[PDB]
file structure.tsv (TSV, C-alpha atoms)
chain	number	residue	atom	x	y	z
A	1	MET	CA	0.00	0.00	0.00
A	2	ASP	CA	1.34	3.41	-1.01
A	3	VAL	CA	2.66	5.64	1.75
A	4	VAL	CA	0.63	8.84	1.47
A	5	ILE	CA	2.74	11.91	2.12
A	6	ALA	CA	1.31	15.41	1.79
A	7	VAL	CA	2.96	18.69	0.90
A	8	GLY	CA	1.28	21.42	2.92
A	9	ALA	CA	2.48	24.74	1.58
A	10	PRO	CA	1.62	28.18	0.21
A	11	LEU	CA	1.16	27.07	-3.40
A	12	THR	CA	-0.63	30.35	-4.12
A	13	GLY	CA	-0.69	33.73	-2.40
A	14	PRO	CA	2.19	36.05	-1.49
A	15	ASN	CA	4.55	33.17	-0.68
A	16	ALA	CA	3.88	31.04	-3.75
A	17	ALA	CA	7.58	31.05	-4.62
A	18	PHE	CA	8.34	29.35	-1.31
A	19	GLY	CA	5.42	26.99	-1.89
A	20	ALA	CA	7.15	25.97	-5.12
A	21	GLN	CA	10.48	25.47	-3.36
A	22	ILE	CA	8.77	23.12	-0.90
A	23	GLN	CA	6.62	21.34	-3.48
A	24	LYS	CA	9.40	20.82	-6.02
A	25	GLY	CA	11.82	19.62	-3.35
A	26	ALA	CA	9.43	17.10	-1.84
A	27	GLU	CA	8.17	15.86	-5.21
A	28	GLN	CA	11.70	15.21	-6.52
A	29	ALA	CA	12.65	13.41	-3.32
A	30	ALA	CA	9.55	11.22	-3.62
A	31	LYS	CA	10.48	10.39	-7.20
A	32	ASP	CA	14.06	9.56	-6.22
A	33	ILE	CA	13.05	7.45	-3.22
A	34	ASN	CA	10.43	5.64	-5.30
A	35	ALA	CA	13.04	4.91	-7.99
A	36	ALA	CA	15.17	3.28	-5.30
A	37	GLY	CA	12.38	0.99	-4.11
A	38	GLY	CA	10.20	3.31	-2.06
A	39	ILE	CA	9.97	3.37	1.72
A	40	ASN	CA	10.24	-0.14	3.13
A	41	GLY	CA	9.19	-1.48	-0.25
A	42	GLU	CA	6.19	0.81	-0.62
A	43	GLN	CA	5.82	3.63	-3.13
A	44	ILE	CA	5.23	7.18	-1.91
A	45	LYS	CA	2.07	8.89	-3.13
A	46	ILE	CA	2.17	12.67	-2.92
A	47	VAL	CA	-0.88	14.79	-2.23
A	48	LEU	CA	-0.83	18.60	-2.31
A	49	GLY	CA	-2.57	21.15	-0.11
A	50	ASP	CA	-2.48	24.91	-0.68
A	51	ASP	CA	-2.61	26.89	2.55
A	52	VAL	CA	-2.28	30.33	0.88
A	53	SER	CA	-0.26	31.39	3.96
A	54	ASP	CA	-3.61	31.67	5.71
A	55	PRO	CA	-3.99	29.80	9.00
A	56	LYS	CA	-7.71	29.33	8.30
A	57	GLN	CA	-7.04	27.76	4.91
A	58	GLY	CA	-4.19	25.74	6.40
A	59	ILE	CA	-6.70	24.20	8.79
A	60	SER	CA	-8.96	23.20	5.90
A	61	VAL	CA	-5.94	21.70	4.15
A	62	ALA	CA	-5.06	19.77	7.32
A	63	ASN	CA	-8.59	18.36	7.38
A	64	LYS	CA	-8.40	17.33	3.72
A	65	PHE	CA	-5.13	15.54	4.48
A	66	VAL	CA	-6.67	13.60	7.36
A	67	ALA	CA	-9.61	12.53	5.17
A	68	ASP	CA	-7.29	11.43	2.34
A	69	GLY	CA	-5.39	9.09	4.66
A	70	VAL	CA	-2.23	11.18	4.75
A	71	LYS	CA	0.39	9.75	7.13
A	72	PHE	CA	3.18	12.34	6.85
A	73	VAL	CA	3.16	16.04	6.05
A	74	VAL	CA	6.13	17.95	4.69
A	75	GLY	CA	5.27	21.53	5.57
A	76	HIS	CA	4.07	24.02	6.12
A	77	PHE	CA	6.00	27.24	5.36
A	78	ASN	CA	4.48	29.77	7.74
A	79	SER	CA	4.72	29.19	11.49
A	80	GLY	CA	1.22	30.62	11.94
A	81	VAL	CA	-0.07	27.94	9.60
A	82	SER	CA	2.10	25.08	10.85
A	83	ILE	CA	1.38	25.57	14.55
A	84	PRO	CA	-2.41	25.19	14.32
A	85	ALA	CA	-2.17	22.54	11.57
A	86	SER	CA	0.23	20.48	13.68
A	87	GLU	CA	-2.46	20.04	16.34
A	88	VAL	CA	-4.84	18.55	13.80
A	89	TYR	CA	-2.04	16.23	12.67
A	90	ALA	CA	-1.04	15.34	16.24
A	91	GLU	CA	-4.60	14.36	17.07
A	92	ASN	CA	-5.02	12.25	13.94
A	93	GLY	CA	-1.88	10.12	13.69
A	94	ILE	CA	0.06	12.32	11.28
A	95	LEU	CA	3.76	13.21	11.57
A	96	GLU	CA	4.66	16.71	10.40
A	97	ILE	CA	8.16	17.71	9.40
A	98	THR	CA	8.44	21.36	8.40
A	99	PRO	CA	11.27	22.48	6.13
A	100	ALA	CA	10.81	26.18	6.92
A	101	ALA	CA	8.66	27.07	9.95
A	102	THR	CA	11.05	28.52	12.50
A	103	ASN	CA	9.02	29.81	15.43
A	104	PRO	CA	10.14	28.04	18.64
A	105	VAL	CA	6.54	27.31	19.66
A	106	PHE	CA	6.25	24.68	16.89
A	107	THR	CA	8.44	22.20	18.81
A	108	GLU	CA	7.82	23.49	22.35
A	109	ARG	CA	4.32	22.12	22.97
A	110	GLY	CA	5.24	18.52	23.80
A	111	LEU	CA	3.65	17.12	20.65
A	112	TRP	CA	4.85	13.70	19.52
A	113	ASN	CA	4.59	14.55	15.84
A	114	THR	CA	6.46	17.83	15.23
A	115	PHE	CA	9.86	17.92	13.50
A	116	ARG	CA	11.89	20.34	11.35
A	117	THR	CA	14.80	20.33	8.95
A	118	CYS	CA	15.22	24.07	9.50
A	119	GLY	CA	16.40	26.02	12.54
A	120	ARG	CA	14.42	28.10	15.01
A	121	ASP	CA	14.17	31.80	15.70
A	122	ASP	CA	15.77	31.89	19.13
A	123	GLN	CA	18.86	30.57	17.34
A	124	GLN	CA	18.35	32.92	14.40
A	125	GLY	CA	17.71	36.04	16.47
A	126	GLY	CA	20.75	35.28	18.60
A	127	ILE	CA	22.95	35.34	15.51
A	128	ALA	CA	21.22	38.41	14.05
A	129	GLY	CA	21.30	40.47	17.25
A	130	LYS	CA	24.97	39.72	17.80
A	131	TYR	CA	25.66	40.65	14.18
A	132	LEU	CA	23.97	44.02	14.64
A	133	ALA	CA	26.19	44.75	17.65
A	134	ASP	CA	29.38	43.52	15.97
A	135	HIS	CA	28.95	45.46	12.72
A	136	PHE	CA	26.58	48.34	13.48
A	137	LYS	CA	27.34	49.06	17.13
A	138	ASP	CA	26.71	52.80	16.79
A	139	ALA	CA	23.90	52.71	14.23
A	140	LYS	CA	20.38	53.94	14.82
A	141	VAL	CA	18.34	50.77	14.34
A	142	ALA	CA	14.63	50.38	13.68
A	143	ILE	CA	13.12	47.00	14.53
A	144	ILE	CA	10.04	46.43	12.39
A	145	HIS	CA	7.91	43.29	12.33
A	146	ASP	CA	4.85	41.98	10.49
A	147	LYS	CA	2.65	41.34	13.54
A	148	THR	CA	2.66	37.56	13.05
A	149	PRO	CA	3.93	34.87	15.45
A	150	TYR	CA	6.88	34.37	13.12
A	151	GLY	CA	7.71	37.98	12.35
A	152	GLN	CA	7.32	39.53	15.77
A	153	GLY	CA	8.87	36.46	17.37
A	154	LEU	CA	12.02	36.81	15.28
A	155	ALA	CA	12.15	40.58	15.81
A	156	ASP	CA	11.84	40.04	19.56
A	157	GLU	CA	14.58	37.41	19.69
A	158	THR	CA	16.84	39.70	17.66
A	159	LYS	CA	15.95	42.67	19.88
A	160	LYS	CA	16.80	40.66	23.00
A	161	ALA	CA	20.21	39.62	21.64
A	162	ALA	CA	21.04	43.04	20.18
A	163	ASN	CA	20.05	44.76	23.43
A	164	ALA	CA	22.26	42.39	25.43
A	165	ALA	CA	25.17	43.14	23.10
A	166	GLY	CA	24.86	46.91	23.49
A	167	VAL	CA	22.54	47.96	20.66
A	168	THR	CA	19.38	49.78	21.72
A	169	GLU	CA	16.94	50.31	18.85
A	170	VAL	CA	15.46	53.77	18.34
A	171	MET	CA	12.22	52.36	16.91
A	172	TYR	CA	10.10	49.24	17.37
A	173	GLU	CA	7.02	49.04	15.16
A	174	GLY	CA	4.55	46.52	13.77
A	175	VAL	CA	2.98	46.56	10.32
A	176	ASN	CA	0.20	44.40	8.92
A	177	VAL	CA	0.84	41.66	6.41
A	178	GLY	CA	-0.76	42.80	3.18
A	179	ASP	CA	-0.17	46.49	3.79
A	180	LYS	CA	1.84	48.06	0.97
A	181	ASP	CA	2.24	51.78	1.60
A	182	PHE	CA	5.15	52.27	4.00
A	183	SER	CA	5.66	55.97	3.25
A	184	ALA	CA	4.74	57.16	6.74
A	185	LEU	CA	6.88	54.54	8.48
A	186	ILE	CA	9.81	55.29	6.18
A	187	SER	CA	9.45	59.02	6.83
A	188	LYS	CA	9.39	58.32	10.57
A	189	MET	CA	12.59	56.28	10.27
A	190	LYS	CA	14.17	59.08	8.22
A	191	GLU	CA	13.26	61.64	10.87
A	192	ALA	CA	14.78	59.33	13.47
A	193	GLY	CA	18.05	59.06	11.55
A	194	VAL	CA	17.63	55.30	11.10
A	195	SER	CA	20.43	53.66	9.10
A	196	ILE	CA	19.54	50.02	9.78
A	197	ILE	CA	16.14	48.39	9.44
A	198	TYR	CA	15.80	45.02	11.09
A	199	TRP	CA	12.82	43.30	9.51
A	200	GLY	CA	10.94	40.48	11.20
A	201	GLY	CA	8.83	39.09	8.40
A	202	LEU	CA	8.72	37.81	4.85
A	203	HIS	CA	9.93	38.90	1.40
A	204	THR	CA	6.83	40.71	0.13
A	205	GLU	CA	6.84	43.41	2.79
A	206	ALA	CA	10.66	43.42	2.90
A	207	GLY	CA	10.86	44.10	-0.84
A	208	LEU	CA	8.29	46.88	-0.63
A	209	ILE	CA	10.16	48.51	2.25
A	210	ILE	CA	13.51	48.27	0.46
A	211	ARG	CA	12.13	49.76	-2.75
A	212	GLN	CA	10.18	52.56	-1.07
A	213	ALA	CA	13.05	53.47	1.24
A	214	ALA	CA	15.31	53.96	-1.77
A	215	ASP	CA	12.67	56.03	-3.55
A	216	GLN	CA	12.02	58.22	-0.49
A	217	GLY	CA	15.71	58.88	0.16
A	218	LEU	CA	16.05	56.87	3.36
A	219	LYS	CA	19.63	55.61	3.39
A	220	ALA	CA	19.15	52.45	5.44
A	221	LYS	CA	20.28	48.87	5.07
A	222	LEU	CA	17.58	46.24	5.60
A	223	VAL	CA	18.56	43.22	7.66
A	224	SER	CA	16.20	40.27	7.92
A	225	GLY	CA	15.97	36.53	8.33
A	226	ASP	CA	15.16	33.30	6.56
A	227	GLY	CA	11.87	34.69	5.30
A	228	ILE	CA	13.40	36.65	2.43
A	229	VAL	CA	15.38	33.95	0.62
A	230	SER	CA	13.64	34.06	-2.74
A	231	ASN	CA	14.47	35.60	-6.10
A	232	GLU	CA	11.10	37.33	-5.77
A	233	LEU	CA	12.63	39.65	-3.17
A	234	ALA	CA	14.87	41.04	-5.91
A	235	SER	CA	11.95	41.23	-8.35
A	236	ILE	CA	9.96	43.41	-5.96
A	237	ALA	CA	12.85	45.48	-4.58
A	238	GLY	CA	14.74	46.00	-7.83
A	239	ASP	CA	18.40	47.07	-7.81
A	240	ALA	CA	17.83	48.62	-4.39
A	241	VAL	CA	18.06	45.10	-2.95
A	242	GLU	CA	21.85	45.25	-3.21
A	243	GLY	CA	23.47	45.27	0.23
A	244	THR	CA	20.48	43.75	2.00
A	245	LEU	CA	21.53	41.29	4.73
A	246	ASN	CA	19.74	38.23	6.07
A	247	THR	CA	20.30	35.12	8.15
A	248	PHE	CA	19.72	31.64	6.74
A	249	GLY	CA	21.13	28.19	7.34
A	250	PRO	CA	23.82	26.71	5.10
A	251	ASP	CA	22.96	26.98	1.40
A	252	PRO	CA	22.55	23.35	0.42
A	253	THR	CA	22.79	24.06	-3.32
A	254	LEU	CA	26.49	24.66	-2.62
A	255	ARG	CA	27.17	21.24	-1.08
A	256	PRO	CA	29.35	19.19	-3.47
A	257	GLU	CA	27.23	16.07	-2.94
A	258	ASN	CA	24.22	17.95	-4.33
A	259	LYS	CA	25.83	18.95	-7.62
A	260	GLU	CA	23.98	16.42	-9.77
A	261	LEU	CA	20.69	16.90	-7.92
A	262	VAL	CA	20.80	20.65	-8.47
A	263	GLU	CA	21.63	20.13	-12.15
A	264	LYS	CA	18.59	17.83	-12.42
A	265	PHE	CA	16.22	20.45	-11.00
A	266	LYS	CA	17.52	23.00	-13.50
A	267	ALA	CA	17.05	20.50	-16.34
A	268	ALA	CA	13.44	20.28	-15.20
A	269	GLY	CA	13.11	24.05	-15.36
A	270	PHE	CA	13.38	24.82	-11.65
A	271	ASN	CA	15.93	26.76	-9.61
A	272	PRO	CA	16.13	24.74	-6.38
A	273	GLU	CA	17.11	27.67	-4.16
A	274	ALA	CA	16.68	28.11	-0.42
A	275	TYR	CA	14.12	25.74	1.11
A	276	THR	CA	13.93	23.44	-1.91
A	277	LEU	CA	16.57	21.06	-0.55
A	278	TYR	CA	15.29	21.53	3.01
A	279	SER	CA	12.02	20.02	1.77
A	280	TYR	CA	13.89	17.33	-0.18
A	281	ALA	CA	15.73	16.51	3.05
A	282	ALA	CA	12.51	16.29	5.08
A	283	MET	CA	11.31	13.54	2.73
A	284	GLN	CA	14.68	11.83	3.10
A	285	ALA	CA	14.42	11.99	6.91
A	286	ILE	CA	11.02	10.28	6.83
A	287	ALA	CA	12.38	7.55	4.55
A	288	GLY	CA	15.52	7.02	6.62
A	289	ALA	CA	13.64	6.87	9.92
A	290	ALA	CA	11.08	4.42	8.54
A	291	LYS	CA	13.94	2.22	7.36
A	292	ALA	CA	15.47	2.30	10.85
A	293	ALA	CA	12.10	1.74	12.52
A	294	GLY	CA	11.13	-1.15	10.27
A	295	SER	CA	7.75	0.56	10.10
A	296	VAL	CA	5.92	3.32	8.24
A	297	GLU	CA	3.60	4.01	11.18
A	298	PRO	CA	4.01	7.73	11.96
A	299	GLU	CA	4.33	7.19	15.71
A	300	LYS	CA	7.12	4.65	15.17
A	301	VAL	CA	8.85	6.82	12.59
A	302	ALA	CA	8.79	9.66	15.13
A	303	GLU	CA	10.56	7.53	17.74
A	304	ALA	CA	13.14	6.49	15.16
A	305	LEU	CA	13.79	10.11	14.15
A	306	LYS	CA	14.71	10.94	17.74
A	307	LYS	CA	17.09	7.98	18.01
A	308	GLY	CA	19.22	7.78	14.89
A	309	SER	CA	21.04	9.65	12.14
A	310	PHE	CA	20.10	9.76	8.46
A	311	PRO	CA	21.69	10.84	5.17
A	312	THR	CA	20.12	13.92	3.56
A	313	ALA	CA	20.80	16.71	1.09
A	314	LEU	CA	21.52	18.88	4.13
A	315	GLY	CA	24.11	16.43	5.39
A	316	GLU	CA	23.66	13.78	8.07
A	317	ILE	CA	20.58	14.67	10.10
A	318	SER	CA	19.51	13.78	13.63
A	319	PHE	CA	16.92	15.19	16.01
A	320	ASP	CA	16.66	16.21	19.66
A	321	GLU	CA	13.81	15.16	21.94
A	322	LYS	CA	11.67	18.11	20.82
A	323	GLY	CA	12.01	17.31	17.12
A	324	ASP	CA	14.52	20.02	16.25
A	325	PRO	CA	17.34	18.97	13.90
A	326	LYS	CA	20.99	18.89	14.90
A	327	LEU	CA	22.34	20.75	11.86
A	328	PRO	CA	24.67	23.71	11.24
A	329	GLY	CA	23.46	27.07	12.52
A	330	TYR	CA	22.51	30.37	10.94
A	331	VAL	CA	24.96	32.50	8.99
A	332	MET	CA	24.65	36.01	7.55
A	333	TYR	CA	24.15	36.51	3.82
A	334	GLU	CA	24.43	39.64	1.69
A	335	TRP	CA	22.48	40.42	-1.46
A	336	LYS	CA	24.77	40.87	-4.45
A	337	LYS	CA	24.83	39.94	-8.12
A	338	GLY	CA	25.64	36.26	-8.53
A	339	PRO	CA	27.62	34.69	-11.40
A	340	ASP	CA	24.40	34.57	-13.44
A	341	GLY	CA	23.95	38.34	-13.14
A	342	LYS	CA	20.99	38.21	-10.76
A	343	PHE	CA	20.85	39.64	-7.26
A	344	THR	CA	20.79	36.84	-4.70
A	345	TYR	CA	21.91	36.05	-1.16
A	346	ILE	CA	25.59	35.13	-0.84
A	347	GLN	CA	27.21	34.12	2.44
A	348	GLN	CA	29.57	36.69	3.93

call {"tool": "encode", "arguments": {"input": "structure.tsv", "output": "C-alpha cells"}}
result
Amino acid sequence: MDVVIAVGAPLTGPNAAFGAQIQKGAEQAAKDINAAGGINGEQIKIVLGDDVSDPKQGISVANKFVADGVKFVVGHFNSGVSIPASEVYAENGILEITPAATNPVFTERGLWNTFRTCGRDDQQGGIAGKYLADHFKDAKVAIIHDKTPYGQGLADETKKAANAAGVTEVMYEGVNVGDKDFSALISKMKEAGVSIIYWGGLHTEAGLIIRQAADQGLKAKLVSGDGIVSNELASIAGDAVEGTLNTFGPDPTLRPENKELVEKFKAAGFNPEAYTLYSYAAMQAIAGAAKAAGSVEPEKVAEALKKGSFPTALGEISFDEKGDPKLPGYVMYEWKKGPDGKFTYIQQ
C-alpha cells in the first residue's frame, strides 16, 4: 500500500515562490526514493494542499489531508499555519516535518509529531542580534515586524540579543501583512536618523520597504531573516536590494554532494534555491527513519527520528527530543549579483 505523504504549503498567495520550493523539493525526493524501491518497499504517493499562507485555509488543508489518509506532512512554510495545523495532525496520527517554519513554539508544545529540517528563531535572532552589535554598534536601528507569530517572534529574539550586546533600537514598530504603503513609516525612520532596518517578516513586505526606502531617500540597510530567501525579493525590490543582509542556514545548493541533484532540478526548469533542498531533506528523513524503525507508522517513525542519524541533502541529520534537527546554525548573507547576473543572497 502506497505511503501517502502530503505537501502542505503556500502554493498560491504572497509566498507562492516558497510553496514551489517546498513542493518541487518534496516531489523530486519522492520520485528519487520511489526509484530506489520506495519506503520499506512501498511507493510514496504525494498529495498537495495549498494553505495560501492563511492559518484558516491551512486548517482546511489539514482536514483534507486527514480525510485522504495522509500519514506524513512535509510543511508548512508559515509558522502561523504550521502551529495550528500540527495540532490537527497530532490528534489524527500524522507526523509533520516542516522544512521552513522557525518559530520556537512549533516544537515546544510537547507534541509527539512535530519535527523540522530548519532552525528556530531563538537561534536565528541570537545570531542576528549579535551581528547588529558587531557590525553596526553605533547605528540607529529600527526594529520592524509583520505582527505575526513568526515575524514579531524573530524581531523580539533579535531585539533581546542586540540589546544584550549593546545595541538599543530607536524604533520598534509593527505593520500588517498585506499592507503596501510604507511611506509614513519610512518618513518616521528618516526623521529618526535610522540607518539600519531590522525586519521580522517575509519577502513581500521586505521588498516593498527596500524599494520605497530607496525612492524616499532613506539611506538604510535592511537586515532580515530566513523569510526573504527568494528571487522574488529582488523582483519586488529592484536594484535597491543590493546590500540587503539576512540570516539563513547553510545553502545546500552549494554542497558538493548535491551537484547532480541541483543540475537535475535545473534540467526540469526549476531553480532549487533556499528551502527546496530543506524540503527534499525532510522527505529523506522520513524515509531514513522508517527504514530504521522497520515501520511506516508515523508514531514509530517519530521515535526512530529521535534515536538515529540519516543521510540527507543537508548532510547527516539527527533530532533532539523536541524534534529540532541537529544541523549547522545560521549565517549572515548579503544580497549581491551572482555569477548569473541576478541579485541573490551570498554568504559573507

call {"tool": "residues_around", "arguments": {"input": "structure.tsv", "residues": "stretch 305-311 of chain A", "least_positions_apart": "6", "cutoff": "9 Å", "atoms": "all atoms listed in the file", "output": "number ranges by chain"}}
result
A: 115, 281, 284-290, 292-293, 317-323

call {"tool": "residues_around", "arguments": {"input": "structure.tsv", "residues": "residue A:283", "least_positions_apart": "4", "cutoff": "10 Å", "atoms": "all atoms listed in the file", "output": "PyMOL selection string"}}
result
chain A and resi 5+7+25-30+33+44+72-74+97+99+117+277-279+287-288+312

call {"tool": "write_last_selection", "arguments": {"input": "structure.tsv", "atoms": "C-alpha atoms", "output": "PDB file, in the frame of the given file"}}
result
ATOM      1  CA  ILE A   5       2.740  11.910   2.120  1.00  0.00           C
ATOM      2  CA  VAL A   7       2.960  18.690   0.900  1.00  0.00           C
ATOM      3  CA  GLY A  25      11.820  19.620  -3.350  1.00  0.00           C
ATOM      4  CA  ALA A  26       9.430  17.100  -1.840  1.00  0.00           C
ATOM      5  CA  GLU A  27       8.170  15.860  -5.210  1.00  0.00           C
ATOM      6  CA  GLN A  28      11.700  15.210  -6.520  1.00  0.00           C
ATOM      7  CA  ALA A  29      12.650  13.410  -3.320  1.00  0.00           C
ATOM      8  CA  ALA A  30       9.550  11.220  -3.620  1.00  0.00           C
ATOM      9  CA  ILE A  33      13.050   7.450  -3.220  1.00  0.00           C
ATOM     10  CA  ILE A  44       5.230   7.180  -1.910  1.00  0.00           C
ATOM     11  CA  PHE A  72       3.180  12.340   6.850  1.00  0.00           C
ATOM     12  CA  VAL A  73       3.160  16.040   6.050  1.00  0.00           C
ATOM     13  CA  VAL A  74       6.130  17.950   4.690  1.00  0.00           C
ATOM     14  CA  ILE A  97       8.160  17.710   9.400  1.00  0.00           C
ATOM     15  CA  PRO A  99      11.270  22.480   6.130  1.00  0.00           C
ATOM     16  CA  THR A 117      14.800  20.330   8.950  1.00  0.00           C
ATOM     17  CA  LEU A 277      16.570  21.060  -0.550  1.00  0.00           C
ATOM     18  CA  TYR A 278      15.290  21.530   3.010  1.00  0.00           C
ATOM     19  CA  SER A 279      12.020  20.020   1.770  1.00  0.00           C
ATOM     20  CA  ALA A 287      12.380   7.550   4.550  1.00  0.00           C
ATOM     21  CA  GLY A 288      15.520   7.020   6.620  1.00  0.00           C
ATOM     22  CA  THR A 312      20.120  13.920   3.560  1.00  0.00           C
TER      23      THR A 312
END

call {"tool": "atom_distance", "arguments": {"input": "structure.tsv", "atom1": "atom CA of residue A:246", "atom2": "atom CA of residue A:55"}}
result
25.4 Å

call {"tool": "residues_around", "arguments": {"input": "structure.tsv", "residues": "stretch 133-147 of chain A", "least_positions_apart": "5", "cutoff": "7 Å", "atoms": "all atoms listed in the file", "output": "PyMOL selection string"}}
result
chain A and resi 152+155+162+165-167+169-177+193-201

call {"tool": "axis_aligned_box", "arguments": {"input": "structure.tsv", "around": "stretch 19-26 of chain A", "padding_each_side": "5 Å", "output": "AutoDock Vina command-line options"}}
result
--center_x 8.6 --center_y 22.0 --center_z -3.5 --size_x 16.4 --size_y 19.9 --size_z 15.1

call {"tool": "closest_residue", "arguments": {"input": "structure.tsv", "among": "A:202, A:330, A:207, A:6", "to": "residue A:130", "atoms": "only C-alpha atoms"}}
result
A:330

call {"tool": "atom_distance", "arguments": {"input": "structure.tsv", "atom1": "atom CA of residue A:325", "atom2": "atom CA of residue A:48"}}
result
24.4 Å

call {"tool": "closest_residue", "arguments": {"input": "structure.tsv", "among": "A:114, A:204, A:82, A:253", "to": "residue A:94", "atoms": "only C-alpha atoms"}}
result
A:114

call {"tool": "closest_residue", "arguments": {"input": "structure.tsv", "among": "A:257, A:242, A:263, A:251", "to": "residue A:344", "atoms": "only C-alpha atoms"}}
result
A:242

call {"tool": "atom_distance", "arguments": {"input": "structure.tsv", "atom1": "atom CA of residue A:93", "atom2": "atom CA of residue A:106"}}
result
17.0 Å

call {"tool": "residues_around", "arguments": {"input": "structure.tsv", "residues": "residue A:59", "least_positions_apart": "2", "cutoff": "12 Å", "atoms": "all atoms listed in the file", "output": "ChimeraX atom specification"}}
result
/A:8-9,49-57,61-66,76,80-89
